[PDB]
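This text opens with one protein chain seen in two forms, each one given by itself as structure tokens under the names structure 1 and structure 2.
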Structure 1
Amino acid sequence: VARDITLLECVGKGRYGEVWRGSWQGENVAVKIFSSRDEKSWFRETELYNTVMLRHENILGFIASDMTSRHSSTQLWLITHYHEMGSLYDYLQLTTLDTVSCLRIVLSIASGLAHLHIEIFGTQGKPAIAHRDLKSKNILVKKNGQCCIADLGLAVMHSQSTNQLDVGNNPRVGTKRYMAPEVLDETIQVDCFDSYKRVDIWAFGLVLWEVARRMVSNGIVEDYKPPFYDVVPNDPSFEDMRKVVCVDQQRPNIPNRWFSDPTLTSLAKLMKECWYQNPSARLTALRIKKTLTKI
């Protein structure tokens, strides 16, 4: 209930709204107050968390959804577990990673994504879900070293038996920096659920690139950089990414030092298998989880 939560400090702000660190029965919680322009994302997330009952150790822990009316308006709240280490985008800028730390991050993200993509059968079984806005800022680092995926506002679901696709009704567009080439060229088949899984794998390979750069190998480490930092400006436009990803067919550069570390070699091969211009040639989330497990 929103009445029992004490908003203590704002840890994030954007077009989506605000994220607050709050107290609730003597424990820290995360409260997202949605903006009026992003109401459809609150409905979709409430559906995925309350109706679909999405629950996984590598997905942001749902607590409660609520609506509070004040100042002649009604705010839409989402209350989840609070991770004091912040987003993966924040965490990668404060520390370097070793082999275990890197693999724990990338395997946890892969297992959480595979849980979204894999349909659980039986009655009231979880359908296959695509995130469609996967990025380092939508990934949070837990104190055990593992990560969890957040923001289900753009989720899309599908069930194999009925062959029915639920795209929702959200005017929100995904993050342009992480957009797949089929999205930028407007060739993506919006009626096929596999299309939405393949744009997640594409974006997953970009987060994979961000994390691998922070793994120290032979006293060498790369500074943190967002994908395509050296070709697009801040807040890139649609034409900015299309020129890089589609026209020039550019991908993030694999540092040569990665070939001197066996873990980074298998990781560099993994992200390359997520960046195919042909969406059907990209790996599945299950194959990525399997490949990461054998490493």
Structure 2
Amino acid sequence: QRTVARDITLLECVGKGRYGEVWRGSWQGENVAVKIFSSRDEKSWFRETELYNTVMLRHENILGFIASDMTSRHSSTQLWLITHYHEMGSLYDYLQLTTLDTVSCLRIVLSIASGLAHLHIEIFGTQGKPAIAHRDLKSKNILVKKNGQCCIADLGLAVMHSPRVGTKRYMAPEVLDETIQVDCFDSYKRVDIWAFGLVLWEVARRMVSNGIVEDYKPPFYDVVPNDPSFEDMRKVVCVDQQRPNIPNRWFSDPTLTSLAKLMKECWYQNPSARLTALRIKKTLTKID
């Protein structure tokens, strides 16, 4: 009746970490990305698979799902997530070596805000969706597309509303001080907004103005170690209430001046004071 071609040719490893590995693969002559999960991160495969079995997200700024595969082996279970492949790699990678102009900076950050608002919004009726919070938004979990927009990846920690925790460097104050209202879905949206503000800062540093640009640095590079502890982060973000520095040179440029204001409104200590993703989008469409 029909042949179901399932062979994927794994061609090059494009990432390896505690999560497992990501490979560029080929299916029917077309590139796919294959994430092969480590045993330690099996629950991320289950959560993302459960989410996609509940709602088939389809959005230009969300990494495109293709398949979830579980294969029995002699003494283990092999778990793969298969998605669209973005050859330019992650935003984190891209910002190391690339500087941006005003148009490309805004296009990047608006595309991220668009994907995030799509996650956050509940849509009713047929072809709707539950509201979703990401819970691990960061520049390594955003991919750059050839058209200059980005897409958000890795829903392994995501939560829906109708051992894995987030990356500590990007954790909001209410996570670090354990005051987050865990029974309120809006709390998780507000944690994502904090992280979005950090990503906005990382990108804006790389936008040139008046011949000046900052080197790529991760948030809080000047105040915590590599692989900062939970306590290291809590002291900076909660006790001392530090925030990423805004360089003077941004205040000569109208775009970076507006982006600095936007960042600040993602970083309020009080989570309910932070802007929503929808409001961020509107503000970004009015810049330039």
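Numbering for residues begins at 1 and runs along the sequence of structure 1. Just so we're on the same page, rigid core means the largest C-alpha set that superposes within 1.5 Å between forms.
- Note: rigid core superposed between structures 1 and 2; among 258, 49, 228, 42, the CA shift is 2 Å or more only at 49.
- Once you line up the core between structures 1 and 2, the Cα of residue 69 ends up 2 Å or more from where it was.
- Core superposition gives residue 9 a CA displacement of 1.1 Å between structures 1 and 2.
- The shift recorded for the CA atom of residue 124 between structures 1 and 2 is 5.4 Å, with superposition on the rigid core.
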